[PDB]
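Undergrad: Sharing protein_3.cif (mmCIF, C-alpha atoms and all ligand atoms) below.
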```
data_query
#
loop_
_atom_site.group_PDB
_atom_site.id
_atom_site.type_symbol
_atom_site.label_atom_id
_atom_site.label_comp_id
_atom_site.auth_asym_id
_atom_site.auth_seq_id
_atom_site.Cartn_x
_atom_site.Cartn_y
_atom_site.Cartn_z
ATOM 1 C CA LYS P 1 64.005 -51.365 100.722
ATOM 2 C CA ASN P 2 67.126 -51.077 98.469
ATOM 3 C CA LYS P 3 65.127 -52.351 95.395
ATOM 4 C CA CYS P 4 63.347 -50.464 92.606
ATOM 5 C CA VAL P 5 59.539 -50.494 93.313
ATOM 6 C CA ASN P 6 56.207 -48.867 92.385
ATOM 7 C CA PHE P 7 55.547 -47.267 95.799
ATOM 8 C CA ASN P 8 52.402 -45.670 97.144
ATOM 9 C CA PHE P 9 52.494 -43.892 100.552
ATOM 10 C CA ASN P 10 49.058 -42.470 101.606
ATOM 11 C CA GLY P 11 48.187 -42.148 97.861
ATOM 12 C CA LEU P 12 51.635 -40.646 96.979
ATOM 13 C CA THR P 13 52.097 -42.973 93.985
ATOM 14 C CA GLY P 14 55.471 -43.134 92.208
ATOM 15 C CA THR P 15 58.479 -45.283 91.240
ATOM 16 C CA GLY P 16 61.853 -45.444 93.071
ATOM 17 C CA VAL P 17 64.367 -47.076 95.466
ATOM 18 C CA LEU P 18 63.604 -46.778 99.213
ATOM 19 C CA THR P 19 66.466 -46.579 101.788
ATOM 20 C CA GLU P 20 66.650 -45.670 105.516
ATOM 21 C CA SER P 21 67.106 -41.877 105.821
ATOM 22 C CA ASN P 22 68.973 -39.843 108.460
ATOM 23 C CA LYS P 23 66.656 -36.786 107.845
ATOM 24 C CA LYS P 24 64.750 -35.950 111.104
ATOM 25 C CA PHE P 25 61.152 -34.936 110.248
ATOM 26 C CA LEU P 26 59.302 -32.868 112.892
ATOM 27 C CA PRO P 27 55.915 -34.545 113.779
ATOM 28 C CA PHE P 28 53.653 -32.453 111.487
ATOM 29 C CA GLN P 29 55.336 -33.578 108.172
ATOM 30 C CA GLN P 30 54.703 -36.791 106.121
ATOM 31 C CA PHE P 31 56.860 -35.840 103.061
ATOM 32 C CA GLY P 32 60.085 -34.030 102.088
ATOM 33 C CA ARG P 33 60.515 -32.255 98.775
ATOM 34 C CA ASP P 34 63.252 -31.534 96.258
ATOM 35 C CA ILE P 35 64.224 -28.349 94.300
ATOM 36 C CA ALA P 36 61.957 -29.787 91.529
ATOM 37 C CA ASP P 37 58.946 -30.031 94.035
ATOM 38 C CA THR P 38 59.032 -33.893 93.711
ATOM 39 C CA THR P 39 58.994 -35.911 96.961
ATOM 40 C CA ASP P 40 62.503 -37.211 97.848
ATOM 41 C CA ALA P 41 61.777 -38.494 101.412
ATOM 42 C CA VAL P 42 58.659 -39.897 103.200
ATOM 43 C CA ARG P 43 57.646 -41.148 106.686
ATOM 44 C CA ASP P 44 56.181 -44.715 106.538
ATOM 45 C CA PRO P 45 52.632 -44.599 108.091
ATOM 46 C CA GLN P 46 52.855 -47.865 110.155
ATOM 47 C CA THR P 47 56.479 -47.737 111.422
ATOM 48 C CA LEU P 48 57.218 -43.982 111.641
ATOM 49 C CA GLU P 49 60.818 -44.057 110.273
ATOM 50 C CA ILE J 1 117.019 -10.886 81.168
ATOM 51 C CA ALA J 2 116.929 -14.340 82.812
ATOM 52 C CA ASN J 3 116.594 -12.746 86.307
ATOM 53 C CA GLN J 4 113.691 -10.560 85.068
ATOM 54 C CA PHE J 5 111.842 -13.557 83.541
ATOM 55 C CA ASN J 6 112.474 -15.668 86.698
ATOM 56 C CA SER J 7 111.237 -12.761 88.886
ATOM 57 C CA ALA J 8 108.160 -12.194 86.654
ATOM 58 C CA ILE J 9 107.216 -15.930 86.798
ATOM 59 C CA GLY J 10 107.593 -15.649 90.610
ATOM 60 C CA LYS J 11 104.935 -12.862 90.478
ATOM 61 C CA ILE J 12 102.593 -15.174 88.475
ATOM 62 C CA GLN J 13 102.734 -17.657 91.396
ATOM 63 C CA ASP J 14 102.192 -14.841 93.985
ATOM 64 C CA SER J 15 99.264 -13.299 92.018
ATOM 65 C CA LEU J 16 97.437 -16.630 91.489
ATOM 66 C CA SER J 17 98.152 -17.526 95.173
ATOM 67 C CA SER J 18 96.705 -14.147 96.382
ATOM 68 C CA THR J 19 93.688 -12.815 94.376
ATOM 69 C CA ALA J 20 90.175 -14.393 94.137
ATOM 70 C CA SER J 21 88.690 -12.815 90.944
ATOM 71 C CA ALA J 22 91.542 -13.372 88.358
ATOM 72 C CA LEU J 23 90.149 -16.641 86.826
ATOM 73 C CA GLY J 24 86.692 -14.998 86.735
ATOM 74 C CA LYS J 25 86.451 -15.675 82.936
ATOM 75 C CA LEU J 26 86.425 -19.476 83.535
ATOM 76 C CA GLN J 27 84.386 -19.415 86.763
ATOM 77 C CA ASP J 28 81.721 -17.203 85.082
ATOM 78 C CA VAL J 29 81.398 -19.957 82.370
ATOM 79 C CA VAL J 30 80.939 -22.669 85.051
ATOM 80 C CA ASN J 31 78.453 -20.445 86.903
ATOM 81 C CA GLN J 32 76.344 -19.832 83.754
ATOM 82 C CA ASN J 33 76.135 -23.556 82.846
ATOM 83 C CA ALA J 34 75.338 -24.512 86.487
ATOM 84 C CA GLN J 35 72.752 -21.654 86.895
ATOM 85 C CA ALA J 36 71.065 -22.766 83.644
ATOM 86 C CA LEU J 37 70.703 -26.406 84.833
ATOM 87 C CA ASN J 38 69.532 -25.122 88.274
ATOM 88 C CA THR J 39 66.948 -22.858 86.557
ATOM 89 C CA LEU J 40 65.802 -25.796 84.386
ATOM 90 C CA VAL J 41 65.388 -27.973 87.575
ATOM 91 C CA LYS J 42 63.482 -25.204 89.455
ATOM 92 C CA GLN J 43 61.085 -24.881 86.461
ATOM 93 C CA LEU J 44 59.757 -28.431 87.198
ATOM 94 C CA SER J 45 58.120 -26.920 90.344
ATOM 95 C CA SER J 46 55.844 -24.648 88.207
ATOM 96 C CA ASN J 47 52.112 -25.421 87.799
ATOM 97 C CA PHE J 48 51.674 -23.831 84.300
ATOM 98 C CA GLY J 49 47.906 -23.710 85.191
HETATM 99 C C1 LIG K 101 50.167 -49.744 112.740
HETATM 100 O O1 LIG K 101 50.257 -50.863 113.514
HETATM 101 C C2 LIG K 101 51.193 -50.809 114.595
HETATM 102 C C3 LIG K 101 51.041 -52.140 115.289
HETATM 103 O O2 LIG K 101 50.946 -53.196 114.342
HETATM 104 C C4 LIG K 101 50.926 -49.612 115.516
HETATM 105 O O3 LIG K 101 52.129 -49.351 116.236
HETATM 106 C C5 LIG K 101 52.182 -49.827 117.600
HETATM 107 O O4 LIG K 101 52.144 -48.751 118.564
HETATM 108 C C6 LIG K 101 52.171 -49.145 119.990
HETATM 109 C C7 LIG K 101 52.142 -47.870 120.837
HETATM 110 O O5 LIG K 101 53.335 -47.097 120.590
HETATM 111 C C8 LIG K 101 53.404 -50.028 120.272
HETATM 112 O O6 LIG K 101 53.245 -50.617 121.589
HETATM 113 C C9 LIG K 101 53.554 -51.159 119.235
HETATM 114 O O7 LIG K 101 54.833 -51.815 119.461
HETATM 115 C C10 LIG K 101 53.473 -50.636 117.779
HETATM 116 N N1 LIG K 101 53.403 -51.740 116.808
HETATM 117 C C11 LIG K 101 54.368 -52.576 116.444
HETATM 118 C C12 LIG K 101 54.037 -53.505 115.270
HETATM 119 O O8 LIG K 101 55.456 -52.612 117.013
HETATM 120 C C13 LIG K 101 50.573 -48.333 114.757
HETATM 121 O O9 LIG K 101 49.957 -47.415 115.653
HETATM 122 C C14 LIG K 101 49.634 -48.598 113.576
HETATM 123 N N2 LIG K 101 49.478 -47.393 112.772
HETATM 124 C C15 LIG K 101 48.799 -46.316 113.177
HETATM 125 C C16 LIG K 101 48.749 -45.167 112.217
HETATM 126 O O10 LIG K 101 48.248 -46.271 114.277
#
```
Using the file provided, produce a representation of the structure as structure tokens.
TA:
Amino acid sequence: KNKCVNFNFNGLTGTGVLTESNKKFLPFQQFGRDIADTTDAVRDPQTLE
Amino acid sequence: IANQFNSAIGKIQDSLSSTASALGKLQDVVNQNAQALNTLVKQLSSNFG
């Protein structure tokens, strides 16, 4: 977290900076999207934050 | 003539204080440049086939 990285979450490859969100995802969702349809939030698959 | 100018400037304050649409010429120019960037951002969400 708080560093630029080449992430991959469940095959969602990309590049970015990861920080702890305060967005509250309902159980059925792994990803949040932007106006541009790019992912801008994600739920980590091992610790579900 | 001084009283009429002083009274007419007092109406400029009251008008600008009261009505919403008067500066519409400037706000329309902000709203076009913002709508054009927002349309350009939404067009990233398109598949194009
Ligand atoms: C990933 O691993 C962790 C354990 O390493 C699993 O989470 C555990 O879940 C149980 C039940 O809630 C807790 O008692 C443990 O405290 C949790 N683990 C840790 C490390 O605290 C998790 O289930 C695993 N991932 C998946 C998808 O099952």
Undergrad: If I wrap all listed atoms of segment 14-27 of chain P in a box with edges along x, y and z and add 4 Å on each side, what are its centre and edge lengths in Å to one decimal, as lines of an AutoDock Vina configuration file?
TA:
```
center_x = 62.2
center_y = -40.0
center_z = 102.5
size_x = 21.5
size_y = 22.2
size_z = 30.5
```
Undergrad: Hey, which residues come within 9 Å of ligand LIG 101 (chain K) if we count all atoms listed in the file? Could you give them as a list in words?
TA: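 So the residues close to ligand LIG 101 (chain K) are residues 45, 46, 47 and 48 of chain P.
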Undergrad: List the residues matched by the PyMOL selection byres ((chain P) within 8 of (chain J)) in the displayed structure as a PDB file with C-alpha atoms, in the frame of the given file, ordered by chain and then by residue number.
TA:
```pdb
ATOM      1  CA  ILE P  35      64.224 -28.349  94.300  1.00  0.00           C
ATOM      2  CA  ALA P  36      61.957 -29.787  91.529  1.00  0.00           C
ATOM      3  CA  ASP P  37      58.946 -30.031  94.035  1.00  0.00           C
ATOM      4  CA  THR P  38      59.032 -33.893  93.711  1.00  0.00           C
TER       5      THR P  38
END
```
Undergrad: In Å, with one decimal, what is the gap from atom CA of residue 21 of chain P to atom CA of residue 35 of chain J?
TA: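 Atom-to-atom, atom CA of residue 21 of chain P and atom CA of residue 35 of chain J are spaced 28.3 Å apart.
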Undergrad: Atom CA of residue 19 of chain J and atom CA of residue 6 of chain J, how far apart in Å?
TA: 20.5 Å
Undergrad: With the file shown as input, list the residues that the PyMOL selection byres (((chain P and resi 25) around 12) and not hetatm) selects, as a list in words.
TA: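 Listing what the PyMOL selection byres (((chain P and resi 25) around 12) and not hetatm) selects in the shown file: residues 21, 22, 23, 24, 26, 27, 28, 29, 30, 31, 32, 33, 41, 42, 43, 44, 48 and 49 of chain P.
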Undergrad: Selected by the PyMOL selection byres (((chain P and resi 16) around 9) and not hetatm) in the shown coordinates: which residues, as a PyMOL selection string?
TA: chain P and resi 3-7+14-15+17-18
Undergrad: Report, in Å with one decimal, the straight-line distance from atom CA of residue 10 of chain P to atom CA of residue 49 of chain J.
TA: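 Atom CA of residue 49 of chain J lies 25.0 Å from atom CA of residue 10 of chain P.
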Undergrad: Taking the partial coordinates given, rebuild segment 12-34 of chain J to contain N, CA and C atoms; return it as an mmCIF file, keeping the file's coordinate frame.
TA:
```
data_model
loop_
_atom_site.group_PDB
_atom_site.id
_atom_site.type_symbol
_atom_site.label_atom_id
_atom_site.label_comp_id
_atom_site.auth_asym_id
_atom_site.auth_seq_id
_atom_site.Cartn_x
_atom_site.Cartn_y
_atom_site.Cartn_z
ATOM 1 N N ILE J 12 103.761 -14.401 88.925
ATOM 2 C CA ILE J 12 102.593 -15.174 88.475
ATOM 3 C C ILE J 12 102.134 -16.107 89.592
ATOM 4 N N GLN J 13 103.058 -16.833 90.232
ATOM 5 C CA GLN J 13 102.734 -17.657 91.396
ATOM 6 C C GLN J 13 102.089 -16.821 92.504
ATOM 7 N N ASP J 14 102.705 -15.707 92.914
ATOM 8 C CA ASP J 14 102.192 -14.841 93.985
ATOM 9 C C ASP J 14 100.803 -14.259 93.678
ATOM 10 N N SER J 15 100.555 -13.835 92.443
ATOM 11 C CA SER J 15 99.264 -13.299 92.018
ATOM 12 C C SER J 15 98.173 -14.363 92.108
ATOM 13 N N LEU J 16 98.391 -15.526 91.483
ATOM 14 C CA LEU J 16 97.437 -16.630 91.489
ATOM 15 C C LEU J 16 97.206 -17.172 92.906
ATOM 16 N N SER J 17 98.245 -17.202 93.741
ATOM 17 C CA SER J 17 98.152 -17.526 95.173
ATOM 18 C C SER J 17 97.291 -16.522 95.970
ATOM 19 N N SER J 18 97.335 -15.236 95.618
ATOM 20 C CA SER J 18 96.705 -14.147 96.382
ATOM 21 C C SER J 18 95.243 -13.846 96.006
ATOM 22 N N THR J 19 94.963 -13.483 94.748
ATOM 23 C CA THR J 19 93.688 -12.815 94.376
ATOM 24 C C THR J 19 92.567 -13.781 93.953
ATOM 25 N N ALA J 20 91.320 -13.499 94.342
ATOM 26 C CA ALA J 20 90.175 -14.393 94.137
ATOM 27 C C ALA J 20 89.541 -14.319 92.735
ATOM 28 N N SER J 21 89.486 -13.121 92.148
ATOM 29 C CA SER J 21 88.690 -12.815 90.944
ATOM 30 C C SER J 21 89.408 -13.010 89.592
ATOM 31 N N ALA J 22 90.716 -13.299 89.574
ATOM 32 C CA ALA J 22 91.542 -13.372 88.358
ATOM 33 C C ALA J 22 91.024 -14.362 87.296
ATOM 34 N N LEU J 23 90.720 -15.603 87.702
ATOM 35 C CA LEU J 23 90.149 -16.641 86.826
ATOM 36 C C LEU J 23 88.628 -16.505 86.650
ATOM 37 N N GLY J 24 88.097 -15.310 86.879
ATOM 38 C CA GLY J 24 86.692 -14.998 86.735
ATOM 39 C C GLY J 24 86.139 -15.356 85.366
ATOM 40 N N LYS J 25 86.915 -15.275 84.280
ATOM 41 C CA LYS J 25 86.451 -15.675 82.936
ATOM 42 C C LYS J 25 86.041 -17.144 82.829
ATOM 43 N N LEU J 26 86.757 -18.049 83.493
ATOM 44 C CA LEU J 26 86.425 -19.476 83.535
ATOM 45 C C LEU J 26 85.326 -19.767 84.552
ATOM 46 N N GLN J 27 85.394 -19.173 85.742
ATOM 47 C CA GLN J 27 84.386 -19.415 86.763
ATOM 48 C C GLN J 27 83.017 -18.879 86.352
ATOM 49 N N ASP J 28 82.943 -17.730 85.691
ATOM 50 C CA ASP J 28 81.721 -17.203 85.082
ATOM 51 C C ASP J 28 81.096 -18.193 84.083
ATOM 52 N N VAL J 29 81.891 -18.952 83.327
ATOM 53 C CA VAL J 29 81.398 -19.957 82.370
ATOM 54 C C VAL J 29 80.893 -21.206 83.075
ATOM 55 N N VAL J 30 81.499 -21.622 84.183
ATOM 56 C CA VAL J 30 80.939 -22.669 85.051
ATOM 57 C C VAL J 30 79.628 -22.200 85.673
ATOM 58 N N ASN J 31 79.599 -20.981 86.193
ATOM 59 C CA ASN J 31 78.453 -20.445 86.903
ATOM 60 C C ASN J 31 77.256 -20.247 85.986
ATOM 61 N N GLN J 32 77.444 -19.869 84.721
ATOM 62 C CA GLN J 32 76.344 -19.832 83.754
ATOM 63 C C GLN J 32 75.771 -21.214 83.446
ATOM 64 N N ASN J 33 76.611 -22.212 83.172
ATOM 65 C CA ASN J 33 76.135 -23.556 82.846
ATOM 66 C C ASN J 33 75.483 -24.254 84.048
ATOM 67 N N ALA J 34 75.963 -24.015 85.269
ATOM 68 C CA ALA J 34 75.338 -24.512 86.487
ATOM 69 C C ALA J 34 74.026 -23.782 86.817
#
```
